[PDB]
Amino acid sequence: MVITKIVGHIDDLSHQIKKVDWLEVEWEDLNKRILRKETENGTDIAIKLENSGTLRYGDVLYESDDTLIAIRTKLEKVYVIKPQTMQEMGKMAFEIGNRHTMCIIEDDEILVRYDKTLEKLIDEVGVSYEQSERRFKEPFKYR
């Protein structure tokens, strides 16, 4: 199936009444305009967005009576850094930036891919963190 335009967006997964056949992509695939991969259920998808569109987490690519094909990034090993203060957030975020390490700052959490070499640094800053599995839902803006 060739997709040239997004046909919807999942704002709330719990309200979805159709089965979702996810097209799992990499974090790096967000904001992209071209992609070809098979969905979980094996449907071949060739994305070539026209206009100025850019793939977003939750974007709906196709919808049938009982199924929806939508985009989500893969579940991966990460560190969920949780600063308790504005000062902790600023100092921790600064150190991650200084190391040029990609991350997503959502609300009061700092999400980065699992890398043990960061442990000494996070402890050094003295911020609470844990290893877990998460999906990166926002494109990393290489500013």
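One-based numbering along the sequence shown.
- Annotation for 18 to 26 versus 126 to 134: the higher mean temperature factor (C-alpha) is found in 126 to 134.
- Mean CA temperature factor is higher for 105 to 113 when stretches 55 to 63 and 105 to 113 are set side by side in the entry.
- Looking at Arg99, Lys74, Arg33, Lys77, the one whose CA carries the top B-factor in the deposited record is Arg33.
- The PDB entry assigns the greatest CA B-factor among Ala93, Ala46, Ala70, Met86 to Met86.
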